[PDB]
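*Asks:* Here it is, the structure, as structure tokens.
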Amino acid sequence: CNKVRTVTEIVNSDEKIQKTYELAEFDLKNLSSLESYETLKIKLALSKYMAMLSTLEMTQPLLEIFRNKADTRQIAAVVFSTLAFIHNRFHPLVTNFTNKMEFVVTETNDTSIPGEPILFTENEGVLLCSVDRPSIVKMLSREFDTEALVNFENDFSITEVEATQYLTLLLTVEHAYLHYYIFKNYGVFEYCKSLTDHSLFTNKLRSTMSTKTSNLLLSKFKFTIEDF
Amino acid sequence: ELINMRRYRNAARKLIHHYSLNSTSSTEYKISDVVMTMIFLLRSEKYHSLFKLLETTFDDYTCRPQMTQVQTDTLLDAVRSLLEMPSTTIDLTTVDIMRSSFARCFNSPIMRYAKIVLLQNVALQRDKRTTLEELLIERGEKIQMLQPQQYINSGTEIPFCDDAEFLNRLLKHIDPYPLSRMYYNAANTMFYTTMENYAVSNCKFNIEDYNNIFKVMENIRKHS
Amino acid sequence: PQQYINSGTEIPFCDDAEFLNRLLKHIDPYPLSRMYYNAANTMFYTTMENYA
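Protein chains in written order, with the numbering used here: chain C, 1 to 228; chain L, 229 to 452; chain F, 453 to 504.
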């Protein structure tokens, strides 16, 4: 029912209070509280990531680091740290990785996988991390809009055009980690098939013993393309 | 003078940023803007090369124009000076995308409510459209060849800053940022990067399937 | 923990009948039923809001 009626049963009388209430106000307060908590969680995650990257002991700005093709050591370090962070987010008990990862940076179209930048592979029992630095630079350097356009519809030197890039790195590494988890939990054939679909994430990623609950940095907002 | 050079400059800047860099900016653009931009390019002698390039596509819109290396250098200089972003990669893909977009626009009729069409159009190399599996296998063959670059074996726990003040100050600095703007920027950016890589790859993309199904999968798995 | 009270003293009662009679006359005009009703709804609404 739209509204709820409360009547007080007074002993040995007839006069009564018959007060009617709505559920709309309670729903609004519930939604507001939930949105505030989700926003706080997202900001806490971003702060953790930024603090970790800061602890990496790197002198240069992040985008500058990703522009320096001459040295790949820093890029490998950053990618490794972000992957470890995602692993910690899913499974807080375990932090490090059992195996060793060899990192390769690629700077040509031929290496560029058409769309999935952080290609995650393994050969002879050793994980390999392939990276398309030019694609990373292109995404990080698209002049992110800063003007206040909500469009929701239905001391420190950290500008919005920087927090945005940090979040974008988080999202890209997140997609990479999902593909890697699919690879690990099943056969190589499953990983290859999923690469061309992205439609097999529904295996067990829901709230389960093996896959714990998490915001995953992408359920915070529903989104979609507006093509016909 | 008889020409508002400043306003036409602004309009040309906005439109070129909209088509070439494909920045997060996305607003309705009217024939007024394109007319102002073309007038601005024609006016500036420096931009006569760009003006000629755009004009050429009026008759045939199905080809990359043939140029010289010096012409390409001068064109890059003109575009960079116009955009005032020396710190960006605008080498050749940018120009091809701009030519494709203007080829679509000029050879498009008048519409009451937009068109909203993806920039996956008029790819180069005249190569037959290729599938994801074929190109993926071919390129992975090159990837899997050789050349790793760092051997991190033992693995140290991912470091974390233990100082709370270093975190509280960051929270204070980052709090005013609206979350919606950040998410929208990051998503659009990933989309544009994928679109450009795919278009250069000369394959057939999933317009509202692959990214759309990925989003749907995330929402479903998180929800149910 | 904030406050320390260790012994536990007997609750004081204002034995003065004059004050009690005055207060009883003060509250006599007040209809009791209305107050019971308001208290019920107040606790109810606060509980539901906090629960939400």
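For every residue, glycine included, the Cβ atom is placed at its ideal position computed from N, Cα and C.
Kindly list, in the order they appear in chain L, the residues whose Cβ is closer than 9 Å to that of C/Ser-141.
*Replies:* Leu-249, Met-313, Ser-315, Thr-316, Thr-317
*Asks:* Which value, in whole angstroms, describes the spacing of the CA atoms of C/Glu-22 and C/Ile-158?
*Replies:* 45 Å
*Asks:* Quick one: which residues of the stretch 457-488 of chain F get their C-beta closer than 7 Å to a C-beta of chain C? List them in chain order.
*Replies:* Within the stretch 457-488 of chain F, the residues whose Cβ lies closer than 7 Å to some Cβ of chain C are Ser-485, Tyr-488, listed in chain order.
*Asks:* When DSSP labels each residue in this structure, what does L/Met-295 get in the three-state scheme?
*Replies:* Three-state DSSP puts L/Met-295 in coil, outside helix and strand.
*Asks:* Spell out whether any CB of chain C is found under 7 Å from the CB atom of F/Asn-493.
*Replies:* With a threshold of 7 Å between beta carbons, F/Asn-493 makes contact with chain C.
*Asks:* On the three-pair Cβ rule with 8 Å, is the stretch 346-356 of chain L touching the stretch 423-434 of chain L?
*Replies:* yes
*Asks:* Any Cβ of chain F within less than 7 Å of the Cβ of C/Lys-43?
*Replies:* no
*Asks:* For the structure I just gave you, are there three or more beta carbon pairs, one from the stretch 192-211 of chain C and one from the stretch 373-384 of chain L, closer than 8 Å?
*Replies:* no
*Asks:* What are the uninterrupted segments assigned as beta strand (DSSP E) that are 3 or more residues long and contained completely in the stretch 234-281 of chain L, given in chain order?
*Replies:* Within the stretch 234-281 of chain L, no complete beta strand (DSSP E) run reaches 3 residues.
*Asks:* Starting from C/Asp-132, trace the beta strand (DSSP E) in both directions and tell me its first and last residue.
*Replies:* 126-132
*Asks:* My understanding is that L/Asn-439 touches C/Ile-225, with C-beta atoms under 8 Å, so please give their C-beta distance in whole angstroms.
*Replies:* 7 Å
*Asks:* Just tell me which of L/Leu-346, L/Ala-392, L/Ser-408, L/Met-264 has its CA closest to the CA of L/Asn-434.
*Replies:* Checking every option, the nearest Cα to that of L/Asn-434 belongs to L/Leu-346.
*Asks:* Got a sec: is the Cβ-Cβ distance from C/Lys-100 to anything in chain L below 7 Å?
*Replies:* yes
*Asks:* What is the rounded straight-line gap between the Cα of C/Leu-140 and the Cα of L/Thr-296?
*Replies:* 31 Å
*Asks:* Specify whether the stretch 238-252 of chain L and the stretch 212-227 of chain C touch according to this definition: at least 3 beta carbon pairs, one from each stretch, less than 8 Å apart.
*Replies:* no
*Asks:* Taking the alpha helix (DSSP H) that L/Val-345 belongs to, which residues open and close that run?
*Replies:* Looking at the DSSP string, L/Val-345 is not in any alpha helix (DSSP H), and its letter there is neither H nor E.
*Asks:* Return the Cβ separation of C/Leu-171 and L/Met-418 in integer angstroms, given the expectation that the two are a contact with Cβ distance under 8 Å.
*Replies:* 6 Å
*Asks:* Specify the secondary structure class of F/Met-500 as computed by DSSP and reduced to three states.
*Replies:* Of the three classes helix, strand and coil, the one that applies to F/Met-500 here is helix, per DSSP.
*Asks:* Is C/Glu-153 helix, strand or coil when you go by DSSP?
*Replies:* coil
*Asks:* Using beta-carbon positions only, say whether C/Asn-88 and C/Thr-95 come within less than 7 Å of one another.
*Replies:* Yes, the Cβ-Cβ distance between C/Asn-88 and C/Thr-95 is below 7 Å.
*Asks:* CB-CB under 8 Å to L/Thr-265, same chain, minus the five flanking residues each way: which ones, in chain order?
*Replies:* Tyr-236, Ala-239, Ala-240, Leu-243, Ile-244
*Asks:* Quick one: measure Cβ to Cβ for C/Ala-176 and C/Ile-136, integer angstroms, because I've assumed they're closer than 8 Å.
*Replies:* C/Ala-176 to C/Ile-136, Cβ: 12 Å. No contact.
*Asks:* For a test of the three-state rule: what should DSSP assign to C/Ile-42, helix, strand or coil?
*Replies:* helix
*Asks:* The beta strand (DSSP E) spanning C/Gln-74 covers which residue range?
*Replies:* Note, C/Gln-74: premise wrong, no beta strand (DSSP E); alpha helix (DSSP H) at 73-90.
*Asks:* Could you check what DSSP says for C/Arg-5 in three-state terms: helix, strand or coil?
*Replies:* In the structure shown, C/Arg-5 adopts extended strand secondary structure according to DSSP, grouped into three states.
*Asks:* Measure from the C-beta of C/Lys-3 to each C-beta in chain F and report whether the shortest distance is under 7 Å.
*Replies:* At a cut-off of 7 Å between C-beta atoms, C/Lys-3 does not count as an interface residue with respect to chain F.
*Asks:* Between the alpha carbons of L/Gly-368 and L/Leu-374, how many angstroms are there, rounded?
*Replies:* 11 Å
*Asks:* Any contact of the stretch 32-51 of chain C with the stretch 59-76 of chain C, i.e. 3+ C-beta pairs under 8 Å?
*Replies:* no
*Asks:* For a quick check, are the C-beta atoms of C/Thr-164 and L/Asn-413 less than 7 Å apart?
*Replies:* Cβ distance < 7 Å, so C/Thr-164 and L/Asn-413 count as in contact.
*Asks:* Closer than 7 Å, Cβ to Cβ, to anything on chain F: give me those residues from the stretch 14-33 of chain C, in chain order.
*Replies:* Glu-15, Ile-17, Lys-19, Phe-26, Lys-29, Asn-30
*Asks:* What in chain C is Cβ-close to L/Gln-353, meaning under 8 Å?
*Replies:* Chain C residues near L/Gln-353: none, gap ~11 Å exceeds 8 Å.
*Asks:* Can you tell me whether C/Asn-123 is helix, strand or coil according to DSSP?
*Replies:* strand
*Asks:* Would C/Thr-164 pass as an interface residue toward chain F - the criterion being a Cβ-Cβ separation below 7 Å?
*Replies:* no
*Asks:* Which residue comes first and which comes last in the beta strand (DSSP E) that contains C/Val-105?
*Replies:* 101-106
*Asks:* Residues bridged to L/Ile-441 by DSSP?
*Replies:* According to DSSP, L/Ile-441 bridges with nothing at all.
*Asks:* Mind listing which residues of the stretch 425-446 of chain L have their C-beta closer than 7 Å to chain C's C-betas, in chain order?
*Replies:* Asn-425, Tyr-426, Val-428, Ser-429, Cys-431, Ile-435, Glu-436, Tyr-438, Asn-439, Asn-440, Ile-441, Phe-442, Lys-443, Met-445, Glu-446
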